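What follows is one structure encoded as structure tokens, with my remarks underneath.
Numbering (PDB author numbering), first residue to last: 12 to 165.
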């Protein structure tokens, strides 16, 4: 049983899969935004949020061909270095014996203007976004895995 969790704003589990939408006019992907809430067993503590790895989407036929992914949470960019979101900025409301934050935006941003390992090729790209959350001052990690897919039009 985790001390903290990240759920959708309706109380459902975070999606474990996201398919991004391509926009041919700009040769890039739309941002994908998920409305979320933080659950905690201590409303005096904040949360530390990071990625377990730099997320990238690899072309399924040539995984050397890679599209970098950016992830923002609560209006802050995430990286492999943890950031702390103070309890005051989460606006925790009492839900039974535990506490739930106001709605926080989680956004996934594949940037096809910065493809590496070759040029922008049509077809399918895949990668994982792996988000790690801990309560401030605690070490117990909760990991959210999101399998991301994205097709470039051609």
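Every residue gets a Cβ at the ideal spot worked out from N, C-alpha and C, and that includes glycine.
Query                                                                                                                                         : Result
Residues in its own chain within less than 8 Å of residue 91 by CB, not counting five upstream and five downstream?                           : 61, 62, 63, 64 and 65
My output table needs one value for residue 100: the three-state DSSP class, helix, strand or coil.                                           : helix
By how many angstroms is the C-alpha of residue 38 removed from the C-alpha of residue 32?                                                    : 11 Å
Can you give, in chain order, each stretch of the alpha helix (DSSP H) that sits fully within the stretch 37-117 and has at least 4 residues? : 98-101
With H, G and I counted as helix, E and B as strand and the rest as coil, what does DSSP make of residue 30?                                  : strand
Looking at the structure shown, is residue 121 part of a helix, part of a strand, or coil, going by DSSP?                                     : strand
Does DSSP put residue 147 in a helix, a strand or coil?                                                                                       : coil
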